[PDB]
Amino acid sequence: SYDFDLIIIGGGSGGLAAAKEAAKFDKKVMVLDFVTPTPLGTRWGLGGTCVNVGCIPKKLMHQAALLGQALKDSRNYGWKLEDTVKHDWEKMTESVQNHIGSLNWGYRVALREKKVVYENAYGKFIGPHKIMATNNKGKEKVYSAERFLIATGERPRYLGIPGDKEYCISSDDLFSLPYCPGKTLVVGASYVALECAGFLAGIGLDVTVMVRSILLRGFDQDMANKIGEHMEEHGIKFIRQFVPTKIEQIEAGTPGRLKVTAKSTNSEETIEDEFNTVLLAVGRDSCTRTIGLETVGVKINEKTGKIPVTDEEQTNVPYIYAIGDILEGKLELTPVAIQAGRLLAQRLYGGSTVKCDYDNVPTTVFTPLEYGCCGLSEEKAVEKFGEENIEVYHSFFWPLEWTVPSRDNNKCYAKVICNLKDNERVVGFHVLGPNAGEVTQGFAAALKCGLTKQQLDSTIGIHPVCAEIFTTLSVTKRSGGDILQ
Amino acid sequence: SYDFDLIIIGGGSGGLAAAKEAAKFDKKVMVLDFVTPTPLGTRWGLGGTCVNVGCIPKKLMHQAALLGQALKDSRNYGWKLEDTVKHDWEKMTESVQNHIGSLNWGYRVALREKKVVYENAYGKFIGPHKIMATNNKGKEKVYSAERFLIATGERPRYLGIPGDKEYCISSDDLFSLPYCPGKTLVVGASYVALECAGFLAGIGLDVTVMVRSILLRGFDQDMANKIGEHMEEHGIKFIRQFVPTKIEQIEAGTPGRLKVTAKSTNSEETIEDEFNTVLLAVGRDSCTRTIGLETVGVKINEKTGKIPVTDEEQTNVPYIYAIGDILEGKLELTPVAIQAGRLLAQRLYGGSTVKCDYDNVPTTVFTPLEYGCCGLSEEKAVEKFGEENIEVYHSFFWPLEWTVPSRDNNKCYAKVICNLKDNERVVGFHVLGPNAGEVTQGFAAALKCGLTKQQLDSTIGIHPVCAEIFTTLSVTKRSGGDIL
Ligand SMILES: Cc1cc2nc3c(=O)[nH]c(=O)nc-3n(C[C@H](O)[C@H](O)[C@H](O)COP(=O)(O)OP(=O)(O)OC[C@H]3O[C@@H](n4cnc5c(N)ncnc54)[C@H](O)[C@@H]3O)c2cc1C
Ligand SMILES: Cc1cc2nc3c(=O)[nH]c(=O)nc-3n(C[C@H](O)[C@H](O)[C@H](O)COP(=O)(O)OP(=O)(O)OC[C@H]3O[C@@H](n4cnc5c(N)ncnc54)[C@H](O)[C@@H]3O)c2cc1C
Ligand SMILES: O=S([O-])[O-]
Ligand SMILES: O=S([O-])[O-]
Ligand SMILES: O=S([O-])[O-]
């Protein structure tokens, strides 16, 4: 018989959630987790991308930037605070790493209490029902299991140019960087790029963002553009329609000096500039190519690296499942991986028939001005239902907290997208402003219940809170009405 | 015919909202607003309780307290900030009044643009379809209208004891107080009492709360008790089951020194202590007794002062309507008054048949730890549906922002209340934590759509944000499971 009921390959958000849930049904479970180091040698503990080099440290550094702004705001509220307050990168990073270390330990303890075997080893299939585990010393051991769950996540992509691995960093290195990045170039335009750029500027750095085409491809573009305009007003420089072709080291150091050469995407024009740090945020690649899928028959999308799965998270191979960021056509989010993992365990071992619902899943981008959304972008809604059947209600708003400091009127923005063919069903929700994620969450539940504009209008606001703007939206884009407060 | 289509008595949240909406239908409208001064002389501009002496300044002073805590938190996030930061009451109050002054102006401008007549005069009915308006010099003018809207709001209550009007203040005076209150006694246990106590402590004052019976009567009591415990851990002192019997002035000043004597509610025990400022937050009374209702036949509840109305906001007198805090059995909230006013204007003049919906209206209490809720308290749900038919799911949580400063784990708290006889319909929602109102608003919209537990569980969380706790609540009170 098999060594385990279930072996899980990857101890991140999805893998750990599935492992804890499967162990409630008295199953024998092993989790394999290993962190291959970045090209410059960075590694970390158990818990995956989110805990170590993703959501958690990112939000903490965003909070540090927010706190910088709160120091300024406090003066008009009467706090007698000295004029210049400087920021200490090492102190910040030490507190972030301390918290991450406690999570690393929490997860190890938790697996032990649930009687899940944890092996700090890299897993690679070698034949049906069999996997090889290789630890940090190169010792190999072979294990078998009745079922397997692939939850290996992704890792940052490089550009394939001279000097990129040698001199640049990615998000994987940023969050434990042992020196202040200094003058920084962020290459890319994903949410990670913009978030990182945002918090680095918010702690006082000179930041530049180099963008291949557009910001936040896949997100509502009018929202994306407002985010960018706000970043630019707060001193972040944008270089539009360029990609780096090489990175050269002018001087080593911590940080050193780097010369970046870059080429226009739509012409032959070339540019050069120098930076202390270059952060590459040009996508992520799925960890699906070096895990012996070919020895067990698992098919993947050879071009993207993603794994297609059934609506129960089964690969083409019936005893092998997959969840999380490696899935094709799903979403790269922690709570999605967590829900997929828990529900999977419940279907396999608890008799449940409930499937993970990947529709209308909310997100938030933690740019200096935060952006929460759920459902369709305006352009997707127009594509799906037709322009004549879509009504968009919108407004600017001004958080009360920002009045006394006297800043940033008419930046925060709210809209809902309604389908006129279906009782003005709210098919998209978008907010730009503080605590955007806190705002969005409950409206995402309301979308699950079929919220219509009429229901939304009958809902009473809470005063004085930003979110209440959603209960009185009466001006449509189609009307051409003015929406400046 | 009449001088006006509609005369509105009271230029506060409800009255202004109704006036702006009625003017969209090309009606001739007047708003009467007058602010009778507090016993110590405080007065203010157009806009009502909320703008001048309620929601707006209260949330701004709450924000000042929050910023104090942010100063502390900033150190662990790497900001090299000096050890002691002091707070300046006058600077805070000056900025708050400056903002209120821009709102006073905004509402006058907005009436004028809508062609609504604004008269700074106190209104008192004198006969059918007729009202007398008295200005600050005592000049009287008579106006008529086809319909009237009463929206006069409420004012703070005193205790009826020696020294109370002479030496104490209320919320009406607090927000423009020209000096720092110093050592403060807050008398009462309403949301106003606790919010004011909370921000005063948050800006560094020595604060004591004197409570007659319980905290936040009318609200979920387990939530109320957690709020109080949190206040107490942060240095707010509570005096339990006492009421003041007199206030005596030891020394005049700004602030002075006051001696408060108080009596136990359930014994003969007596106590004394001294304070710089005494803030009374012991309820509010409806401005319904000095407006000539008897000359037009409008019936009120003589005991409470509140006005019963139909579901269309009509009093017993068919050309006279009422909205806002004075209504019997409704809710004392700005957005409720605003909605009621707008929808009333639309029914009277726009052919709408839509009524204000007073069910599952959310609220937030802006105590140091904020409390948002919507729907039923646990004890009201149990009364209404029966204990065996109620499931409560709950959990503590720890905002990520609080980890690095390393404080206050297992304080923030979330629960939903479900009706097992109706598909686990979520009939109550409760959250204790930061940004509680931002969290509660969308869940209130979900309650309007009939949210069930299954739908809530199928909703995916946003990570890492406090509100996501609501999407994974699996532990019930009934199960006895541990939730730390
Ligand atoms: C900068 C950044 C910010 C983000 N912010 C957010 C956010 O705000 N909110 C949000 O919801 N999501 C966010 N995400 C995404 C979130 O991190 C991922 O959605 C989530 O971690 C994916 O979980 P997972 O289980 O699929 O993979 P991971 O958590 O990446 O776990 C994969 C684990 O498997 C390990 N592994 C890989 N191959 C092997 C092998 N062969 N054997 C053993 N172990 C292996 C990996 O090292 C890792 O430990 C962010 C991501 C990044 C990079
Ligand atoms: C300290 C405090 C905090 C509060 N916080 C909140 C909160 O966070 N959120 C919230 O939603 N609500 C809050 N409220 C309540 C909110 O302020 C009221 O619900 C709301 O203002 C009621 O609006 P209204 O139109 O009923 O009356 P008001 O705005 O009180 O308006 C009544 C107006 O009529 C004037 N007036 C009275 N009699 C006459 C007369 N005879 N003739 C002419 N004018 C007259 C009054 O002076 C006043 O201008 C708070 C209240 C207080 C006291
Ligand atoms: O601005 S120079 O140090 O890269
Ligand atoms: O291979 S999955 O698309 O059935
Ligand atoms: O106003 S009643 O006396 O007709």
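These residue numbers are counts, starting from 1, taken along the chain as shown.
Placed from the backbone N, Cα and C atoms, the Cβ positions cover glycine too.
Listed features, source Swiss-Prot:
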- B:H463: active site, proton acceptor (ACT_SITE)
- B:9-14, B:33-34, B:49-50, B:54-58, B:122-123, B:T152, B:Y191, B:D325, B:332-334, B:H463: FAD binding site (BINDING)
- B:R157, B:189-195, B:212-213, B:217-219, B:282-284, B:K306, B:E332: NADP(+) binding site (BINDING)
- B:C50-B:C55: disulfide bond (DISULFID)
- B:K59: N6-succinyllysine (MOD_RES)
- B:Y122: phosphotyrosine (MOD_RES)
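A 10 Å cutoff on Cβ-Cβ distances gives B:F219 (NADP(+) binding site) a total of 19 other Cβ atoms nearby, all chains included. Reported as a whole number, the C-alpha separation between B:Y191 (FAD binding site) and B:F219 (NADP(+) binding site) equals 10 Å.
Neighbours of the residue listed as 'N6-succinyllysine', defined as other CB atoms within 10 A of its CB across all chains, total 22. Nearest Cα neighbour of B:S213 (NADP(+) binding site) among the listed binding-site residues (B:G12, B:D33, B:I56, B:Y122): B:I56.
Contact annotation for chain A: of the listed recorded positions (B:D33, B:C55, B:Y122, B:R284, B:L333), B:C55, B:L333 place their CB atoms under 8 A from a CB atom of that chain.
Ranking the binding-site residues B:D33, B:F219, B:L333 by the distance of their Cα atoms from the Cα of B:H463 (active site, proton acceptor) places B:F219 first. Calculated from their C-alpha atoms, the gap between B:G12 (FAD binding site) and B:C55 (disulfide bond) amounts to 12 Å.
For the recorded site, B:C50 (FAD binding site), the DSSP three-state label reads helix. Cα separation, B:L194 (NADP(+) binding site) to the residue listed as 'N6-succinyllysine', rounded: 13 Å.
Within 10 Å of B:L333 (FAD binding site), judged by CA to CA distance, lie the following recorded positions from the set B:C55, B:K59, B:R157, B:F219, B:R284: B:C55. In the shown protein chains, 22 other C-beta atoms lie within 10 A of the C-beta of B:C55 (disulfide bond). Mapped onto three states, the DSSP output places B:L194 (NADP(+) binding site) in helix.
Take the CB of B:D33 (FAD binding site) and look out to 10 A: across all protein chains shown you find 25 other CB atoms.
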